[PDB]
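Let me begin by presenting the structure, written as structure tokens, before commenting on it.
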Amino acid sequence: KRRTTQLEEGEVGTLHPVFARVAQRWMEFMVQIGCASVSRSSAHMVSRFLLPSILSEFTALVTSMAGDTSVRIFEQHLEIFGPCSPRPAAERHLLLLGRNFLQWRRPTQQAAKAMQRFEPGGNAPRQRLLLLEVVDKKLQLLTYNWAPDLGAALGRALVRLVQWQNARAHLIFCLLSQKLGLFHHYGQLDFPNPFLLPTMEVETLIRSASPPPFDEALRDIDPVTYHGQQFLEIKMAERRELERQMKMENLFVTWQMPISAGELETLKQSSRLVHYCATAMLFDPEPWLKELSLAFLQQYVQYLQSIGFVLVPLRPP
Amino acid sequence: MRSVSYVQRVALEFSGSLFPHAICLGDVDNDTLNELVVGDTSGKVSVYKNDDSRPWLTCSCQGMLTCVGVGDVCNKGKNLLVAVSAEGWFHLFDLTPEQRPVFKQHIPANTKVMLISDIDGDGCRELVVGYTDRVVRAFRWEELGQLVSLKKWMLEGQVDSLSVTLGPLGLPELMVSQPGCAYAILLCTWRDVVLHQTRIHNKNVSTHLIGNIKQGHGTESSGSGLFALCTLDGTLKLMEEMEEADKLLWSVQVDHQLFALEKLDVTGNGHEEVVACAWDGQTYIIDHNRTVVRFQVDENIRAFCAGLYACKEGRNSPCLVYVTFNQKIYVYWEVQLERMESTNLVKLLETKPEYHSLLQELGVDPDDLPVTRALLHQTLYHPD
Amino acid sequence: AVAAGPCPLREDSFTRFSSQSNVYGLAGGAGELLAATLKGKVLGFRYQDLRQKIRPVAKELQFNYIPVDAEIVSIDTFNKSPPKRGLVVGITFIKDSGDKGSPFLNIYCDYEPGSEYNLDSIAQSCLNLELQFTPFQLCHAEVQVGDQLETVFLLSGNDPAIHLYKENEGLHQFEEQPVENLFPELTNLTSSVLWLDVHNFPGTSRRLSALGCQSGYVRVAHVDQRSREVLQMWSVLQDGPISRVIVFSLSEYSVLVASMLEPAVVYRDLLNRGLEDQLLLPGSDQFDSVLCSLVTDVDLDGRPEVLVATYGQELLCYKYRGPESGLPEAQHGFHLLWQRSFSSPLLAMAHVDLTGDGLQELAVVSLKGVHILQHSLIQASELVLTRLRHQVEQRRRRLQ
């Protein structure tokens, strides 16, 4: 019985014959006659490699708009569905599914405070189900018996998320075109979808997976994460470099001022030690000797200033 | 001539400033495997082993370091790590199973260069130190242990590099670089300075010198006789000592600021090659026949080194070491070359006589180049 | 995922580039080599014999009507048909008209007798054609017309189309012609063709055309030439841009497809199995993006291998385990032969005999310049002698 309650949880085994053939043909039939039922949203991807992040974000979305749901992904590993890229031209066929398990034990107790419930109560088996289905690049969402606001919001959020991912894919394609050495061939604003306006925030798109120059970046220097995190570090290697290539120029032209110790340290690190000399203090075998040494130091400083050197004032911290 | 592009390298972290003579490679832990020793101005010496990006271990001195070395100075048959600071101190470390020194002693200050070798020929290793003011001092370790002084020489032109080279007659000789592409010989009498001049534009160019370049297999301790000089205005010269006068083997004029000189066997045939590096990272490798190989590191170089190093699989391999301004040290450990010149295949097969006989048997005259080209294509790409 | 041996290739020379090139930069010529830089610079590589050695030579070439502000996009070259004689060069570039690109195509061919092969003379004989599209790749193909052969230029355009340029023997200049007349399989495109290959069949009058586009669409077509009809056509849709497609025979024909976000693959037995027998080259996608590829004998065994160069600075080589070896457990397939590393991303390659010994050198154009790589002469010398002595022993035994 320990595993028998892990078989009716989609954890291990197979998917019932129902959820593989009939309860997508009929939930797509209920909308053709109108009901207080399936909402039938839809969307469309642009490239297959976006699927995993899409499903992760969708799982987060579902566990956010209703905590009672439990996402379960099944994939045809072959007409049989086994629980849970391989070949280039292979077209996957997945089937997401959500259900509030501790309602599938007491189908008549209480769904909610009408919050996540279109039409609950009764005895009546009124329950709900979420059945996003996926073909190679086509994902169709079909809810059932959710609050109308919840269902509409879920559909809109799904569409928005897919658009976000499409924008990221467009950016990646731009970068890939750059890598070949074809710069004015693809173009950032050549085919730019609410997120494809000329005010696109490249860094936010690359660094984030969910919605809230560039055309010659690589000239003469998850695939989205692999390539964007390389582009970002290519870019940051100049904002963190030209600062310490113009600071030196500024100091050079200025001296040709109380600079901080950090600037001096950077100056030493960029300069090569080219000569040295040393001598012995033939007094100490001592504050008196300290004063004599300080007098020696200042006399040498005065001598040096007569040669052309100018003292560098150490700035306060 | 031909230029190459070495690829495999290891980057080591290093935060500090150093002189161009405060880096060396050698066996400090006595395991027949080379390790890297770098002496920072701060007062700490970092030893790197294998290919870790962190120092294998650090040893702290007092004062600012100027020279480092690895050698059997104590004449005990065990290599020790010896460091010379700028203010005249002298620290010793033994690392064969932090790291306070096992021996300290004050000596004259203003140290610039340092060498460990048996110069007189008594079978005991002596220590030679060249100072910043044209003064060279020799010392020997004597058990009570303590260093004791020896003859001291005074020169006019500045001192940049010390070397020991086998003389005209089976005897070591102490040689020093003298500006203007010149040098001096110091006599270990126990005139004491014999100047020699080697043409020339300035008389203040800084010169560097290396000696005792091998000439064959298994004849390392059995002889020497070649040495080389390089001038800051881009002039390299390789010449042999012999008896009457120093014969000049070849001279090369480049347009970079040469500041280092080493020797390394990259072709693996026993002979050693002269390796020079400029300030901007251009590196030249020349064999004993004026065959040049160039290699450009697109950075700026603080310090340079070359020699056998143990980076992978516990093996000693030729390695080139560069110090960059970005707090990094690059060790290239795949610098071996199959040859130095460029030849295709026909000239290489033509040397062997077996190929001549084996083609004469086949009835084909080997003077018809297209026919042999067709035969080689058939033999190489259609073996059936 | 582990190399079965070390690389037998030793680097000979390396010429540095002031600025970078692109995947269409490399081109043939002649045994010379032509490499074009993005900022107009064009270099010619060859070797000069010197008594008992050889010396690389990398000279610069100047072409007539390229404005100093122009940006070169693609370059190609070929030789005239056997009934004719001469060398033809073609460069497509982009002037910067203020804020808009103005594309242009130039064709260089010297018609004065005795100078059809002089590169310097050819360097200023150019035409000049406007485009109305941004060009992608310039290639050439050989077609049979009447009882003679012709060579024509093919250029993929920003509009999903392929434009054909053919010489006119009347006024001695190239003209654009409709593509559907000679290449019915190259029509009705919907994406930008990044690479196109046309493999003729020696001794007969059929061919295979292959192409891959930005969307991932890959089309192969078995096409006749006498009747100008498409015998058969297959297609497939992968993910990511198709950086390379090649047609070759393993021994039956097969196609190599190199994408950018997926492992390179080979579809085997086209004429008998279409696009179902797919063999994937193991671990060929752990080194970033594959930019180039090449199929040739880098082994001196008489049979081809597959070279793959990545943006991660890698030069993987794959070898095919023939079923004749008879190991069905690890059945007939591809395994990693060896692997080499570089310092800059790899952009193009060629397999051509530059030295002139009969051994073929591999030229690799990377971001920083051109590397020449040679077979290890020691290995290649000891290998010739064994084969030659086996040959002579066999002759003695079989002759007596």
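The chains in the structure tokens are called A, B, ... from first to last as shown; in each chain the residues are counted from 1, and the ligands are counted from 1 in the order shown.
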
Compute the set of chain B residues within 9 Å of chain C, using only C-alpha atoms, and express it as an MDAnalysis selection string.
chainID B and resid 1:8 337:338 341:349 354:355 358:359 361:362 372:377 379:384

With only C-alpha atoms counted and 12 Å as the cut-off, give the residues of chain A in contact with chain C, each with its shortest interatomic distance in Å and the pair that gives it, as a Markdown table.
```
| residue | atom | partner | partner_atom | distance |
| --- | --- | --- | --- | --- |
| A:46 | CA | C:215 | CA | 9.6 |
| A:47 | CA | C:239 | CA | 6.4 |
| A:48 | CA | C:239 | CA | 6.8 |
| A:49 | CA | C:239 | CA | 7.6 |
| A:50 | CA | C:239 | CA | 10.6 |
| A:85 | CA | C:262 | CA | 8.8 |
| A:86 | CA | C:262 | CA | 9.9 |
| A:87 | CA | C:280 | CA | 8.3 |
| A:88 | CA | C:238 | CA | 5.7 |
| A:89 | CA | C:238 | CA | 5.0 |
| A:90 | CA | C:238 | CA | 8.3 |
| A:91 | CA | C:238 | CA | 9.6 |
| A:136 | CA | C:237 | CA | 11.1 |
| A:137 | CA | C:239 | CA | 11.1 |
| A:169 | CA | C:240 | CA | 10.1 |
| A:170 | CA | C:240 | CA | 11.2 |
| A:172 | CA | C:240 | CA | 10.0 |
| A:173 | CA | C:240 | CA | 8.1 |
| A:174 | CA | C:241 | CA | 11.1 |
| A:175 | CA | C:289 | CA | 11.4 |
| A:176 | CA | C:260 | CA | 8.2 |
| A:177 | CA | C:241 | CA | 8.7 |
| A:178 | CA | C:22 | CA | 9.4 |
| A:179 | CA | C:311 | CA | 7.9 |
| A:180 | CA | C:22 | CA | 5.7 |
| A:181 | CA | C:22 | CA | 4.2 |
| A:182 | CA | C:22 | CA | 6.7 |
| A:183 | CA | C:73 | CA | 9.2 |
| A:184 | CA | C:134 | CA | 8.4 |
| A:185 | CA | C:134 | CA | 7.0 |
| A:186 | CA | C:158 | CA | 9.3 |
| A:187 | CA | C:134 | CA | 11.6 |
| A:190 | CA | C:158 | CA | 11.5 |
| A:218 | CA | C:20 | CA | 10.7 |
| A:219 | CA | C:20 | CA | 7.8 |
| A:220 | CA | C:20 | CA | 5.7 |
| A:221 | CA | C:367 | CA | 8.5 |
| A:222 | CA | C:261 | CA | 9.5 |
| A:223 | CA | C:261 | CA | 7.1 |
| A:224 | CA | C:261 | CA | 10.3 |
| A:226 | CA | C:288 | CA | 8.6 |
| A:227 | CA | C:288 | CA | 8.9 |
| A:230 | CA | C:288 | CA | 10.8 |
```

Neighbouring residues of stretch 108-125 of chain A were defined as those with any atom within 7 Å, considering only C-alpha atoms; residues of the same chain fewer than 4 positions away were excluded. Please report them as an mmCIF file with N, CA and C atoms, in the first residue's frame.
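Heads up, here's the output in selection_9.cif:
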```cif
data_model
loop_
_atom_site.group_PDB
_atom_site.id
_atom_site.type_symbol
_atom_site.label_atom_id
_atom_site.label_comp_id
_atom_site.auth_asym_id
_atom_site.auth_seq_id
_atom_site.Cartn_x
_atom_site.Cartn_y
_atom_site.Cartn_z
ATOM 1 N N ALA A 66 -2.271 29.128 -7.101
ATOM 2 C CA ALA A 66 -3.064 28.207 -6.291
ATOM 3 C C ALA A 66 -2.089 27.207 -5.673
ATOM 4 N N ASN A 145 -12.987 24.457 -14.434
ATOM 5 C CA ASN A 145 -13.617 24.744 -13.147
ATOM 6 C C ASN A 145 -12.694 25.540 -12.229
ATOM 7 N N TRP A 146 -11.978 26.498 -12.801
ATOM 8 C CA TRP A 146 -11.222 27.474 -12.031
ATOM 9 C C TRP A 146 -12.006 28.774 -11.964
ATOM 10 N N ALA A 147 -11.669 29.604 -10.987
ATOM 11 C CA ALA A 147 -12.290 30.915 -10.921
ATOM 12 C C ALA A 147 -12.006 31.675 -12.213
ATOM 13 N N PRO A 148 -13.005 32.348 -12.788
ATOM 14 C CA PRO A 148 -12.803 32.959 -14.113
ATOM 15 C C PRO A 148 -11.656 33.949 -14.148
#
```

Would you return as a CSV table (one decimal) with N, CA, C and O atoms, in the first residue's frame the members of stretch 197-360 of chain B that DSSP assigns to strand (DSSP E) on this structure's backbone?
```
chain,number,residue,atom,x,y,z
B,197,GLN,N,86.0,43.8,-25.6
B,197,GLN,CA,85.1,44.5,-26.4
B,197,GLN,C,84.7,43.7,-27.7
B,197,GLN,O,85.6,43.0,-28.2
B,207,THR,N,73.7,45.7,-21.1
B,207,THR,CA,74.0,44.4,-21.8
B,207,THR,C,73.7,43.3,-20.8
B,207,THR,O,73.9,43.4,-19.6
B,208,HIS,N,73.3,42.2,-21.4
B,208,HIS,CA,73.0,41.0,-20.6
B,208,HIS,C,73.8,39.8,-21.3
B,208,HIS,O,74.1,39.9,-22.5
B,209,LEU,N,74.1,38.8,-20.5
B,209,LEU,CA,75.0,37.8,-21.0
B,209,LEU,C,74.7,36.4,-20.3
B,209,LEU,O,74.3,36.4,-19.2
B,210,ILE,N,74.8,35.4,-21.1
B,210,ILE,CA,74.7,34.0,-20.6
B,210,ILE,C,75.8,33.2,-21.1
B,210,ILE,O,76.3,33.4,-22.2
B,211,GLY,N,76.2,32.2,-20.4
B,211,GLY,CA,77.3,31.3,-20.7
B,211,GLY,C,77.1,29.9,-20.5
B,211,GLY,O,76.0,29.5,-19.9
B,226,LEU,N,80.5,28.2,-25.4
B,226,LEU,CA,79.7,29.1,-26.0
B,226,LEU,C,79.0,30.1,-25.0
B,226,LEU,O,78.7,29.7,-23.9
B,227,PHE,N,78.9,31.3,-25.5
B,227,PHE,CA,78.2,32.3,-24.6
B,227,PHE,C,77.5,33.3,-25.6
B,227,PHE,O,77.8,33.4,-26.8
B,228,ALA,N,76.6,34.1,-25.0
B,228,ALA,CA,75.8,35.0,-25.8
B,228,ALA,C,75.6,36.3,-25.0
B,228,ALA,O,75.5,36.3,-23.8
B,229,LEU,N,75.5,37.4,-25.8
B,229,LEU,CA,75.2,38.7,-25.2
B,229,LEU,C,74.1,39.4,-26.0
B,229,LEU,O,73.9,39.1,-27.2
B,230,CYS,N,73.3,40.2,-25.3
B,230,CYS,CA,72.2,40.9,-25.8
B,230,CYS,C,72.2,42.3,-25.3
B,230,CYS,O,72.5,42.6,-24.2
B,231,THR,N,71.9,43.3,-26.2
B,231,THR,CA,71.9,44.7,-25.9
B,231,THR,C,70.5,45.3,-26.0
B,231,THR,O,69.7,44.8,-26.8
B,235,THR,N,70.2,43.8,-30.2
B,235,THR,CA,71.3,43.1,-30.8
B,235,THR,C,71.7,41.9,-30.0
B,235,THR,O,72.0,42.0,-28.8
B,236,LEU,N,71.6,40.7,-30.6
B,236,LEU,CA,72.1,39.4,-30.0
B,236,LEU,C,73.3,38.9,-30.7
B,236,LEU,O,73.5,39.1,-31.9
B,237,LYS,N,74.2,38.4,-29.9
B,237,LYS,CA,75.5,37.8,-30.4
B,237,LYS,C,75.8,36.5,-29.7
B,237,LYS,O,75.7,36.5,-28.5
B,238,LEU,N,76.1,35.5,-30.5
B,238,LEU,CA,76.5,34.2,-30.0
B,238,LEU,C,77.9,34.0,-30.4
B,238,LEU,O,78.2,34.1,-31.6
B,239,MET,N,78.8,33.7,-29.5
B,239,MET,CA,80.2,33.6,-29.8
B,239,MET,C,80.9,32.5,-28.9
B,239,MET,O,80.4,32.3,-27.8
B,240,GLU,N,82.0,32.0,-29.3
B,240,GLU,CA,82.7,30.9,-28.6
B,240,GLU,C,84.0,31.4,-28.1
B,240,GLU,O,84.7,32.2,-28.8
B,247,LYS,N,85.9,33.8,-31.0
B,247,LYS,CA,85.3,33.8,-32.3
B,247,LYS,C,83.8,34.0,-32.2
B,247,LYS,O,83.1,33.4,-31.3
B,248,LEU,N,83.3,34.9,-33.1
B,248,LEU,CA,81.9,35.3,-33.1
B,248,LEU,C,81.1,34.3,-34.0
B,248,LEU,O,81.4,34.3,-35.2
B,249,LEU,N,80.2,33.6,-33.5
B,249,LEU,CA,79.4,32.7,-34.3
B,249,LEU,C,78.4,33.4,-35.2
B,249,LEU,O,78.3,33.2,-36.4
B,250,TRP,N,77.5,34.2,-34.5
B,250,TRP,CA,76.6,35.0,-35.4
B,250,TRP,C,76.1,36.2,-34.6
B,250,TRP,O,76.2,36.2,-33.3
B,251,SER,N,75.5,37.1,-35.3
B,251,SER,CA,74.9,38.3,-34.7
B,251,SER,C,73.6,38.6,-35.4
B,251,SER,O,73.4,38.3,-36.6
B,252,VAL,N,72.6,39.1,-34.7
B,252,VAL,CA,71.3,39.3,-35.1
B,252,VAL,C,70.8,40.7,-34.6
B,252,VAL,O,71.1,41.0,-33.5
B,253,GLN,N,70.2,41.5,-35.5
B,253,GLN,CA,69.8,42.8,-35.2
B,253,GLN,C,68.2,42.8,-35.3
B,253,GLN,O,67.7,42.7,-36.3
B,258,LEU,N,65.3,44.3,-25.9
B,258,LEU,CA,65.7,43.0,-25.3
B,258,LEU,C,66.1,43.3,-23.8
B,258,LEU,O,67.0,44.1,-23.6
B,259,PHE,N,65.6,42.5,-22.9
B,259,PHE,CA,66.0,42.7,-21.5
B,259,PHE,C,66.2,41.4,-20.7
B,259,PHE,O,66.3,41.4,-19.5
B,260,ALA,N,66.2,40.2,-21.4
B,260,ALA,CA,66.4,38.9,-20.8
B,260,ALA,C,67.1,38.0,-21.7
B,260,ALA,O,67.0,38.1,-22.9
B,261,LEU,N,67.8,37.0,-21.1
B,261,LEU,CA,68.5,36.0,-22.0
B,261,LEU,C,68.6,34.7,-21.2
B,261,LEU,O,69.0,34.7,-20.0
B,262,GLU,N,68.1,33.7,-21.8
B,262,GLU,CA,68.1,32.3,-21.2
B,262,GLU,C,68.5,31.3,-22.3
B,262,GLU,O,68.7,31.6,-23.5
B,263,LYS,N,68.6,30.1,-21.9
B,263,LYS,CA,68.9,28.9,-22.8
B,263,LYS,C,67.9,27.8,-22.5
B,263,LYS,O,67.5,27.6,-21.3
B,264,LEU,N,67.5,27.1,-23.5
B,264,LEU,CA,66.5,26.1,-23.4
B,264,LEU,C,66.6,25.1,-24.6
B,264,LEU,O,66.8,25.6,-25.7
B,273,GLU,N,69.2,26.2,-27.1
B,273,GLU,CA,68.8,27.3,-27.9
B,273,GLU,C,68.8,28.6,-27.1
B,273,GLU,O,68.5,28.6,-25.9
B,274,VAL,N,69.1,29.7,-27.7
B,274,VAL,CA,69.1,31.0,-27.0
B,274,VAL,C,67.7,31.6,-27.1
B,274,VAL,O,67.1,31.6,-28.2
B,275,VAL,N,67.2,32.1,-25.9
B,275,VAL,CA,65.9,32.6,-25.8
B,275,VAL,C,66.0,34.0,-25.3
B,275,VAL,O,66.5,34.2,-24.2
B,276,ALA,N,65.4,34.9,-26.0
B,276,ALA,CA,65.4,36.3,-25.7
B,276,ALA,C,64.0,36.9,-25.7
B,276,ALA,O,63.2,36.5,-26.5
B,277,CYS,N,63.7,37.8,-24.8
B,277,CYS,CA,62.4,38.4,-24.7
B,277,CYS,C,62.5,39.9,-24.6
B,277,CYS,O,63.4,40.4,-23.9
B,278,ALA,N,61.6,40.6,-25.2
B,278,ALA,CA,61.6,42.1,-25.2
B,278,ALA,C,60.6,42.5,-24.1
B,278,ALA,O,59.9,41.8,-23.5
B,282,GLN,N,57.6,40.2,-27.2
B,282,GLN,CA,58.1,39.5,-28.4
B,282,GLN,C,59.3,38.6,-27.9
B,282,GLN,O,60.2,39.1,-27.3
B,283,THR,N,59.2,37.3,-28.3
B,283,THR,CA,60.2,36.4,-27.9
B,283,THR,C,60.9,35.7,-29.1
B,283,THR,O,60.2,35.4,-30.1
B,284,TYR,N,62.2,35.6,-29.0
B,284,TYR,CA,63.0,35.0,-30.1
B,284,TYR,C,63.7,33.8,-29.6
B,284,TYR,O,64.3,33.8,-28.5
B,285,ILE,N,63.7,32.7,-30.4
B,285,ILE,CA,64.4,31.5,-30.1
B,285,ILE,C,65.3,31.2,-31.3
B,285,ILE,O,64.8,31.1,-32.4
B,286,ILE,N,66.6,31.2,-31.0
B,286,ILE,CA,67.6,31.0,-32.1
B,286,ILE,C,68.5,29.8,-31.7
B,286,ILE,O,69.0,29.7,-30.6
B,292,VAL,N,65.7,31.4,-36.7
B,292,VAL,CA,65.0,32.1,-35.7
B,292,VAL,C,63.5,31.6,-35.7
B,292,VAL,O,63.0,31.3,-36.8
B,293,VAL,N,62.9,31.6,-34.5
B,293,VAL,CA,61.5,31.3,-34.3
B,293,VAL,C,61.0,32.4,-33.4
B,293,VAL,O,61.5,32.6,-32.3
B,294,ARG,N,59.9,33.0,-33.8
B,294,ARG,CA,59.3,34.1,-33.1
B,294,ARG,C,58.1,33.7,-32.4
B,294,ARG,O,57.4,32.7,-32.8
B,295,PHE,N,57.7,34.4,-31.3
B,295,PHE,CA,56.5,34.1,-30.6
B,295,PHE,C,56.1,35.4,-29.8
B,295,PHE,O,56.9,35.9,-29.0
B,296,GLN,N,54.9,35.9,-30.1
B,296,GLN,CA,54.4,37.1,-29.6
B,296,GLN,C,53.4,36.9,-28.5
B,296,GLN,O,52.3,36.3,-28.8
B,301,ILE,N,55.5,42.8,-20.4
B,301,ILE,CA,56.2,41.8,-19.6
B,301,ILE,C,57.0,42.5,-18.5
B,301,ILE,O,57.7,43.5,-18.8
B,302,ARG,N,56.8,42.1,-17.2
B,302,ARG,CA,57.7,42.6,-16.1
B,302,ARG,C,58.9,41.7,-16.0
B,302,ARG,O,60.0,42.3,-15.8
B,303,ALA,N,58.8,40.4,-16.0
B,303,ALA,CA,59.9,39.5,-15.8
B,303,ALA,C,59.8,38.3,-16.7
B,303,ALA,O,58.6,37.9,-17.0
B,304,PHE,N,60.9,37.6,-16.9
B,304,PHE,CA,60.9,36.5,-17.9
B,304,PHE,C,61.8,35.4,-17.3
B,304,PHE,O,62.7,35.6,-16.5
B,305,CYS,N,61.5,34.1,-17.7
B,305,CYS,CA,62.3,33.0,-17.3
B,305,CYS,C,62.1,31.9,-18.3
B,305,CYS,O,61.1,31.8,-19.0
B,306,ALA,N,63.0,30.9,-18.3
B,306,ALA,CA,62.9,29.7,-19.1
B,306,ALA,C,63.6,28.6,-18.4
B,306,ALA,O,64.6,28.8,-17.8
B,307,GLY,N,63.0,27.4,-18.6
B,307,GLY,CA,63.7,26.2,-18.1
B,307,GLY,C,62.8,25.0,-17.9
B,307,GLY,O,61.7,25.0,-18.3
B,308,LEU,N,63.4,24.0,-17.3
B,308,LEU,CA,62.6,22.8,-17.1
B,308,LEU,C,61.6,23.0,-15.9
B,308,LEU,O,62.1,23.5,-14.8
B,309,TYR,N,60.4,22.6,-16.1
B,309,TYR,CA,59.4,22.7,-15.0
B,309,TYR,C,58.5,21.5,-15.0
B,309,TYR,O,58.4,20.8,-16.0
B,310,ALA,N,57.9,21.2,-13.8
B,310,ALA,CA,57.1,20.0,-13.6
B,310,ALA,C,55.7,20.5,-13.4
B,310,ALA,O,55.3,20.8,-12.3
B,316,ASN,N,59.4,16.6,-16.0
B,316,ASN,CA,60.1,17.9,-16.3
B,316,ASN,C,60.0,18.1,-17.8
B,316,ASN,O,60.5,17.3,-18.6
B,317,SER,N,59.5,19.3,-18.2
B,317,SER,CA,59.4,19.7,-19.6
B,317,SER,C,59.9,21.1,-19.8
B,317,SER,O,59.8,21.9,-18.8
B,318,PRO,N,60.4,21.4,-20.9
B,318,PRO,CA,60.7,22.8,-21.2
B,318,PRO,C,59.5,23.8,-21.0
B,318,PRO,O,58.4,23.4,-21.4
B,319,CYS,N,59.8,24.9,-20.4
B,319,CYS,CA,58.7,25.9,-20.1
B,319,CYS,C,59.2,27.3,-20.2
B,319,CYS,O,60.4,27.6,-19.9
B,320,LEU,N,58.3,28.2,-20.7
B,320,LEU,CA,58.6,29.6,-20.8
B,320,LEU,C,57.7,30.3,-19.8
B,320,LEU,O,56.5,30.0,-19.7
B,321,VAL,N,58.2,31.2,-19.0
B,321,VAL,CA,57.5,31.8,-17.9
B,321,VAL,C,57.5,33.3,-18.1
B,321,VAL,O,58.6,33.9,-18.3
B,322,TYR,N,56.3,33.9,-18.2
B,322,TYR,CA,56.2,35.4,-18.3
B,322,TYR,C,55.5,35.9,-17.1
B,322,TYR,O,54.6,35.3,-16.6
B,323,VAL,N,55.8,37.2,-16.7
B,323,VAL,CA,55.1,37.9,-15.7
B,323,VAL,C,54.4,39.1,-16.3
B,323,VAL,O,55.0,39.9,-16.9
B,324,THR,N,53.1,39.1,-16.1
B,324,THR,CA,52.3,40.2,-16.6
B,324,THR,C,52.0,41.3,-15.6
B,324,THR,O,52.3,41.1,-14.4
B,328,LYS,N,49.4,38.3,-12.8
B,328,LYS,CA,49.4,36.9,-13.3
B,328,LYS,C,50.7,36.5,-13.9
B,328,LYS,O,51.5,37.3,-14.3
B,329,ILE,N,51.0,35.2,-13.8
B,329,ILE,CA,52.2,34.6,-14.4
B,329,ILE,C,51.8,33.5,-15.3
B,329,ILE,O,51.0,32.6,-14.9
B,330,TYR,N,52.2,33.5,-16.5
B,330,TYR,CA,51.9,32.6,-17.5
B,330,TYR,C,53.0,31.6,-17.7
B,330,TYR,O,54.2,32.0,-18.0
B,331,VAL,N,52.7,30.3,-17.6
B,331,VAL,CA,53.7,29.2,-17.8
B,331,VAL,C,53.3,28.4,-19.0
B,331,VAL,O,52.2,27.8,-19.0
B,332,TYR,N,54.0,28.5,-20.1
B,332,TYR,CA,53.8,27.7,-21.3
B,332,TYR,C,54.7,26.4,-21.2
B,332,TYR,O,55.9,26.5,-21.1
```

Which neighbours of residue A:141 fall inside 10 Å, counting only C-alpha atoms, when residues of the same chain fewer than 6 positions from it are skipped, and could you give them as an mmCIF file with N, CA and C atoms, in the first residue's frame?
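What ended up in part-v9.cif:
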```cif
data_model
loop_
_atom_site.group_PDB
_atom_site.id
_atom_site.type_symbol
_atom_site.label_atom_id
_atom_site.label_comp_id
_atom_site.auth_asym_id
_atom_site.auth_seq_id
_atom_site.Cartn_x
_atom_site.Cartn_y
_atom_site.Cartn_z
ATOM 1 N N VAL A 38 -13.981 24.627 -19.261
ATOM 2 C CA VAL A 38 -12.673 24.808 -19.875
ATOM 3 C C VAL A 38 -12.541 26.172 -20.538
ATOM 4 N N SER A 39 -11.379 26.796 -20.339
ATOM 5 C CA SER A 39 -11.094 28.141 -20.815
ATOM 6 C C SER A 39 -10.381 28.154 -22.160
ATOM 7 N N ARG A 40 -9.539 27.159 -22.430
ATOM 8 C CA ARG A 40 -8.928 27.012 -23.745
ATOM 9 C C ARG A 40 -8.097 28.235 -24.128
ATOM 10 N N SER A 41 -6.977 28.440 -23.451
ATOM 11 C CA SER A 41 -5.971 29.398 -23.889
ATOM 12 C C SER A 41 -5.002 28.701 -24.841
ATOM 13 N N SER A 42 -4.118 29.480 -25.458
ATOM 14 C CA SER A 42 -3.164 28.925 -26.409
ATOM 15 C C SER A 42 -1.966 29.853 -26.512
ATOM 16 N N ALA A 43 -0.896 29.339 -27.102
ATOM 17 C CA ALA A 43 0.352 30.081 -27.263
ATOM 18 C C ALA A 43 1.160 29.409 -28.368
ATOM 19 N N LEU A 96 1.607 18.222 -19.427
ATOM 20 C CA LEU A 96 1.578 18.667 -18.046
ATOM 21 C C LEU A 96 0.205 18.400 -17.447
ATOM 22 N N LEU A 130 -6.019 20.950 -14.548
ATOM 23 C CA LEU A 130 -5.212 21.748 -15.454
ATOM 24 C C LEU A 130 -4.451 20.816 -16.383
ATOM 25 N N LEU A 131 -4.568 21.051 -17.685
ATOM 26 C CA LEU A 131 -4.077 20.045 -18.613
ATOM 27 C C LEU A 131 -3.322 20.663 -19.783
ATOM 28 N N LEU A 132 -2.319 21.487 -19.503
ATOM 29 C CA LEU A 132 -1.473 21.994 -20.574
ATOM 30 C C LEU A 132 -0.893 20.849 -21.386
ATOM 31 N N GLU A 133 -1.056 20.922 -22.702
ATOM 32 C CA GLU A 133 -0.522 19.932 -23.622
ATOM 33 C C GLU A 133 0.467 20.597 -24.569
ATOM 34 N N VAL A 134 1.465 19.833 -24.998
ATOM 35 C CA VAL A 134 2.565 20.358 -25.794
ATOM 36 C C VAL A 134 2.821 19.437 -26.976
ATOM 37 N N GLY A 151 -8.467 31.863 -14.215
ATOM 38 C CA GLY A 151 -8.195 31.252 -15.505
ATOM 39 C C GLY A 151 -7.729 32.261 -16.534
ATOM 40 N N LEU A 154 -4.224 33.293 -15.713
ATOM 41 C CA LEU A 154 -3.267 32.245 -16.040
ATOM 42 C C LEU A 154 -2.990 32.207 -17.533
ATOM 43 N N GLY A 155 -4.035 32.315 -18.350
ATOM 44 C CA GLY A 155 -3.822 32.346 -19.787
ATOM 45 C C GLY A 155 -2.982 33.532 -20.218
ATOM 46 N N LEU A 158 0.602 33.060 -19.209
ATOM 47 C CA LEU A 158 1.259 32.095 -20.078
ATOM 48 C C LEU A 158 1.685 32.747 -21.385
#
```
